[PDB]
Amino acid sequence: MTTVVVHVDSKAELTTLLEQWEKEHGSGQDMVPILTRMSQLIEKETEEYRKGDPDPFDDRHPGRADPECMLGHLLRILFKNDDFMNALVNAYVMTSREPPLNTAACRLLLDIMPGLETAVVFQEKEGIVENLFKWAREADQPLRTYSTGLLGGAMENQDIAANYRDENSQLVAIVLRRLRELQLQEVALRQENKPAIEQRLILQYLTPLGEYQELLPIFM
Amino acid sequence: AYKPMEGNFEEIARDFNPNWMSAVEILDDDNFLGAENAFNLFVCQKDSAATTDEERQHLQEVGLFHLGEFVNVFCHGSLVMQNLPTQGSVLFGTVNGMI
């Protein structure tokens with residue numbers, strides 16, 4: 001109880017965002033430098049999370065686990081959505097073509113990366129998988145910065161990777177060539193006096209399908 | 001199957017009808033000869049119409065024969081001289097001395 005911080009409060013900043021987006025009903029505004037907070041309010045919240053020496057086997061939420069720090073306090077607020085935030089998945093994906101229009105989904109589905117549990121990508125609105133086959137072969141570079149690990153929840157399911165055990169293998173032929181390029185980019189930028197955040201988030205996508213069968217041939 | 005790229009075996013197909021085997025032999029990598037304890041011959045042919053995945057893991061028994069003799073061995077090679085008709089030759093070993 002009475003859990004207040006010694007710094008500037010984060011929930012009052014959250015509620016100040018909860019009085020702007022929650023009243024946005026067809027008003028004709030674009031929140032793309034304002035919803036940068038929703039991807040930045042949790043990263044400073046991640047920046048203080050490394051002090052407690054976390055256990056990386058945390059498939060749950062700290063709201064169930066760790067009420068000692070501000071990570072568990074704030075993830076519960078944006079998860080009890082009551083079919084209000086849940087229409088954003090039907091909105092910014094199904095009728096989304098433009099890059100500021102796709103800014104409002106790919107910079108935000110990565111904000112609910114622990115929250116995306118099972119059935120959003122498993123829903124019959126499953127064209128988002130084929131959209132992510134479209135949003136990886138043909139996307140923008142700030143978009144593909146935030147587009148590779150979006151089916152990370154799909155590869156955690158053993159039912160999506162069995163329905164797509166050859167459709168994904170098409171996409172693996174693309175992403176390894178880009179994965180070869182970054183060792184040619186970043187090392188040559190460091191081989192001068194003698195960027196890796198995509199390299200972090202592509203391997204997050206490629207990890208759960210590193211185990212499956214018939215994919216070792218194009219690996220080696 | 002054996003995929004050299006993967007390094008591991010792979011089940012293409014499987015017959016399901018329970019016959020007690022006696023000896024088997026590959027003919028031409030499409031037709032596969034099998035014997036039986038019940039003194040019989042049959043060939044399972046690998047299925048061609050790969051329309052789905054259920055119908056391509058099921059072999060089909062193509063042809064039946066009662067070779068009235070137990071079968072022990074199979075081997076290649078003919079008994080006539082090479083003059084360089086029919087194609088291939090498989091000889092079989094028995095229990096009554098009837099090659």
# chains A, B, ... in the order shown; residues from 1 in each chain; ligands from 1
>>> interface_residues(of="chain B", to="chain A", cutoff="12 Å", atoms="only C-alpha atoms", output="CSV table (one decimal) with N, CA, C and O atoms, in the first residue's frame")
chain,number,residue,atom,x,y,z
B,3,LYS,N,17.6,-38.5,-45.5
B,3,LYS,CA,17.9,-37.2,-46.1
B,3,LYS,C,19.4,-36.9,-45.7
B,3,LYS,O,19.7,-36.8,-44.5
B,4,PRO,N,20.3,-36.8,-46.6
B,4,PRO,CA,21.7,-36.5,-46.3
B,4,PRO,C,21.9,-35.1,-45.8
B,4,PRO,O,22.9,-34.9,-45.0
B,5,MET,N,21.1,-34.2,-46.2
B,5,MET,CA,21.2,-32.8,-45.7
B,5,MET,C,20.8,-32.7,-44.3
B,5,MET,O,21.6,-32.0,-43.5
B,6,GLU,N,19.7,-33.3,-43.9
B,6,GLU,CA,19.3,-33.3,-42.5
B,6,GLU,C,20.2,-34.2,-41.6
B,6,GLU,O,20.5,-33.8,-40.4
B,7,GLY,N,20.7,-35.3,-42.2
B,7,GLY,CA,21.5,-36.2,-41.4
B,7,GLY,C,20.6,-37.3,-40.7
B,7,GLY,O,21.2,-38.2,-40.1
B,8,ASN,N,19.3,-37.2,-40.8
B,8,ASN,CA,18.5,-38.1,-40.0
B,8,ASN,C,17.4,-38.8,-40.9
B,8,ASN,O,17.2,-38.3,-42.0
B,9,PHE,N,16.9,-39.9,-40.4
B,9,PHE,CA,15.9,-40.6,-41.2
B,9,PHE,C,14.6,-39.8,-41.3
B,9,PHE,O,14.3,-38.9,-40.5
B,10,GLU,N,13.7,-40.3,-42.2
B,10,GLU,CA,12.4,-39.6,-42.4
B,10,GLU,C,11.4,-40.6,-42.9
B,10,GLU,O,11.6,-41.3,-43.9
>>> residues_around(residues="residue 91 of chain B", least_positions_apart="6", cutoff="9 Å", atoms="only C-alpha atoms", output="MDAnalysis selection string")
chainID B and resid 73:78 99
>>> write_last_selection(atoms="N, CA and C atoms", output="mmCIF file, in the first residue's frame")
data_model
loop_
_atom_site.group_PDB
_atom_site.id
_atom_site.type_symbol
_atom_site.label_atom_id
_atom_site.label_comp_id
_atom_site.auth_asym_id
_atom_site.auth_seq_id
_atom_site.Cartn_x
_atom_site.Cartn_y
_atom_site.Cartn_z
ATOM 1 N N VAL B 73 15.947 -65.989 -48.619
ATOM 2 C CA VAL B 73 16.984 -65.093 -49.112
ATOM 3 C C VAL B 73 16.419 -64.333 -50.305
ATOM 4 N N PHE B 74 16.993 -63.167 -50.592
ATOM 5 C CA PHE B 74 16.891 -62.536 -51.900
ATOM 6 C C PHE B 74 18.263 -62.000 -52.281
ATOM 7 N N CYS B 75 18.542 -61.973 -53.586
ATOM 8 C CA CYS B 75 19.798 -61.432 -54.088
ATOM 9 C C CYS B 75 19.634 -61.023 -55.544
ATOM 10 N N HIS B 76 20.574 -60.207 -56.015
ATOM 11 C CA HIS B 76 20.594 -59.749 -57.395
ATOM 12 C C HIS B 76 21.322 -60.769 -58.267
ATOM 13 N N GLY B 77 21.636 -60.381 -59.501
ATOM 14 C CA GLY B 77 22.454 -61.209 -60.365
ATOM 15 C C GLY B 77 21.696 -62.291 -61.104
ATOM 16 N N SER B 78 22.091 -62.547 -62.349
ATOM 17 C CA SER B 78 21.442 -63.567 -63.154
ATOM 18 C C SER B 78 22.315 -64.814 -63.250
ATOM 19 N N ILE B 99 15.099 -72.956 -56.089
ATOM 20 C CA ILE B 99 15.516 -71.609 -56.458
ATOM 21 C C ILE B 99 14.720 -71.168 -57.676
#
>>> closest_residue(among="A:11, A:137, A:25, A:50", to="residue 76 of chain A", atoms="only C-alpha atoms")
A:11
>>> atom_distance(atom1="atom CA of residue 53 of chain B", atom2="atom CA of residue 12 of chain B")
9.9 Å
>>> select_by_dssp(residues="segment 35-120 of chain A", states="helix (DSSP H, G or I)", output="PyMOL selection string")
chain A and resi 36-47+62-65+70-75+85-91+103-106
>>> residues_around(residues="segment 139-151 of chain A", least_positions_apart="4", cutoff="8 Å", atoms="only C-alpha atoms", output="list in words")
residues 99, 102, 103, 106, 107, 109, 110, 121, 129, 132, 134, 135, 155, 197, 198, 201, 202, 203, 204, 205 and 206 of chain A
>>> residues_around(residues="segment 13-18 of chain B", least_positions_apart="4", cutoff="10 Å", atoms="only C-alpha atoms", output="MDAnalysis selection string")
chainID B and resid 1 44 46:47 54:61
>>> write_last_selection(atoms="C-alpha atoms", output="tab-separated table (two decimals), in the first residue's frame")
chain	number	residue	atom	x	y	z
B	1	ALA	CA	13.94	-42.25	-46.31
B	44	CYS	CA	3.83	-52.50	-52.28
B	46	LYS	CA	4.96	-46.14	-53.43
B	47	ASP	CA	1.95	-43.90	-53.85
B	54	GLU	CA	-2.45	-38.33	-45.33
B	55	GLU	CA	-2.61	-40.02	-48.74
B	56	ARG	CA	1.17	-39.76	-49.28
B	57	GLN	CA	2.16	-41.58	-46.08
B	58	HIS	CA	0.15	-44.68	-47.06
B	59	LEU	CA	1.67	-47.37	-49.25
B	60	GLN	CA	-0.57	-49.46	-51.49
B	61	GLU	CA	-0.38	-53.24	-51.89
>>> atom_distance(atom1="atom CA of residue 33 of chain B", atom2="atom CA of residue 52 of chain B")
25.6 Å
>>> closest_residue(among="B:28, B:63, B:39, B:50", to="residue 88 of chain B", atoms="only C-alpha atoms")
B:28
>>> select_by_dssp(residues="chain B", states="strand (DSSP E or B)", output="ChimeraX atom specification")
/B:2,9,14,24-26,31-35,41-45,58,60-65,71-75,91-94
>>> closest_residue(among="A:115, A:125, A:17, A:97", to="residue 63 of chain A", atoms="only C-alpha atoms")
A:115
>>> residues_around(residues="residue 41 of chain B", least_positions_apart="2", cutoff="9 Å", atoms="only C-alpha atoms", output="PDB file with N, CA and C atoms, in the first residue's frame")
ATOM      1  N   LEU B  33       9.359 -55.577 -53.113  1.00  0.00           N
ATOM      2  CA  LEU B  33       8.921 -56.960 -53.017  1.00  0.00           C
ATOM      3  C   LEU B  33       8.958 -57.436 -51.573  1.00  0.00           C
ATOM      4  N   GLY B  34       7.877 -58.081 -51.138  1.00  0.00           N
ATOM      5  CA  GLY B  34       7.815 -58.620 -49.796  1.00  0.00           C
ATOM      6  C   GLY B  34       7.260 -60.031 -49.790  1.00  0.00           C
ATOM      7  N   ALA B  35       7.831 -60.851 -48.913  1.00  0.00           N
ATOM      8  CA  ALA B  35       7.375 -62.211 -48.668  1.00  0.00           C
ATOM      9  C   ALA B  35       6.568 -62.271 -47.380  1.00  0.00           C
ATOM     10  N   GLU B  36       6.257 -63.492 -46.951  1.00  0.00           N
ATOM     11  CA  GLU B  36       5.378 -63.690 -45.810  1.00  0.00           C
ATOM     12  C   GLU B  36       5.600 -65.085 -45.233  1.00  0.00           C
ATOM     13  N   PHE B  39       3.537 -68.091 -46.953  1.00  0.00           N
ATOM     14  CA  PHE B  39       4.028 -68.649 -48.217  1.00  0.00           C
ATOM     15  C   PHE B  39       3.438 -67.899 -49.411  1.00  0.00           C
ATOM     16  N   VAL B  43       3.782 -57.005 -53.734  1.00  0.00           N
ATOM     17  CA  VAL B  43       4.610 -55.817 -53.915  1.00  0.00           C
ATOM     18  C   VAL B  43       3.817 -54.589 -53.501  1.00  0.00           C
ATOM     19  N   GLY B  63      -0.595 -56.028 -56.272  1.00  0.00           N
ATOM     20  CA  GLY B  63      -0.241 -57.347 -56.748  1.00  0.00           C
ATOM     21  C   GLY B  63      -0.046 -58.366 -55.646  1.00  0.00           C
ATOM     22  N   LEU B  64      -0.608 -59.558 -55.833  1.00  0.00           N
ATOM     23  CA  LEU B  64      -0.564 -60.620 -54.839  1.00  0.00           C
ATOM     24  C   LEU B  64      -0.217 -61.925 -55.535  1.00  0.00           C
ATOM     25  N   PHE B  65       0.461 -62.816 -54.815  1.00  0.00           N
ATOM     26  CA  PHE B  65       0.882 -64.075 -55.413  1.00  0.00           C
ATOM     27  C   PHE B  65       1.131 -65.096 -54.316  1.00  0.00           C
ATOM     28  N   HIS B  66       0.758 -66.354 -54.575  1.00  0.00           N
ATOM     29  CA  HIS B  66       1.032 -67.450 -53.644  1.00  0.00           C
ATOM     30  C   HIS B  66       2.178 -68.291 -54.195  1.00  0.00           C
ATOM     31  N   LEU B  67       3.395 -67.873 -53.873  1.00  0.00           N
ATOM     32  CA  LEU B  67       4.573 -68.707 -54.087  1.00  0.00           C
ATOM     33  C   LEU B  67       4.542 -69.825 -53.059  1.00  0.00           C
TER      34      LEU B  67
END
>>> atom_distance(atom1="atom CA of residue 82 of chain B", atom2="atom CA of residue 25 of chain B")
23.1 Å
>>> residues_around(residues="residue 69 of chain B", least_positions_apart="2", cutoff="8 Å", atoms="only C-alpha atoms", output="PDB file with N, CA and C atoms, in the first residue's frame")
ATOM      1  N   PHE B  39       3.537 -68.091 -46.953  1.00  0.00           N
ATOM      2  CA  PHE B  39       4.028 -68.649 -48.217  1.00  0.00           C
ATOM      3  C   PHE B  39       3.438 -67.899 -49.411  1.00  0.00           C
ATOM      4  N   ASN B  40       3.708 -66.595 -49.459  1.00  0.00           N
ATOM      5  CA  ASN B  40       3.030 -65.705 -50.387  1.00  0.00           C
ATOM      6  C   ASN B  40       3.967 -64.589 -50.833  1.00  0.00           C
ATOM      7  N   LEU B  67       3.395 -67.873 -53.873  1.00  0.00           N
ATOM      8  CA  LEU B  67       4.573 -68.707 -54.087  1.00  0.00           C
ATOM      9  C   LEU B  67       4.542 -69.825 -53.059  1.00  0.00           C
ATOM     10  N   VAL B  71      10.317 -68.529 -48.062  1.00  0.00           N
ATOM     11  CA  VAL B  71      11.362 -67.714 -48.667  1.00  0.00           C
ATOM     12  C   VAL B  71      12.349 -67.313 -47.581  1.00  0.00           C
ATOM     13  N   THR B  94      15.207 -70.561 -50.433  1.00  0.00           N
ATOM     14  CA  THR B  94      14.026 -71.224 -49.885  1.00  0.00           C
ATOM     15  C   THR B  94      14.385 -72.243 -48.805  1.00  0.00           C
ATOM     16  N   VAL B  95      13.446 -73.128 -48.450  1.00  0.00           N
ATOM     17  CA  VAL B  95      13.727 -74.201 -47.499  1.00  0.00           C
ATOM     18  C   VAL B  95      13.659 -75.584 -48.127  1.00  0.00           C
ATOM     19  N   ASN B  96      13.115 -75.712 -49.334  1.00  0.00           N
ATOM     20  CA  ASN B  96      13.023 -77.010 -49.987  1.00  0.00           C
ATOM     21  C   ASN B  96      14.050 -77.170 -51.096  1.00  0.00           C
TER      22      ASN B  96
END
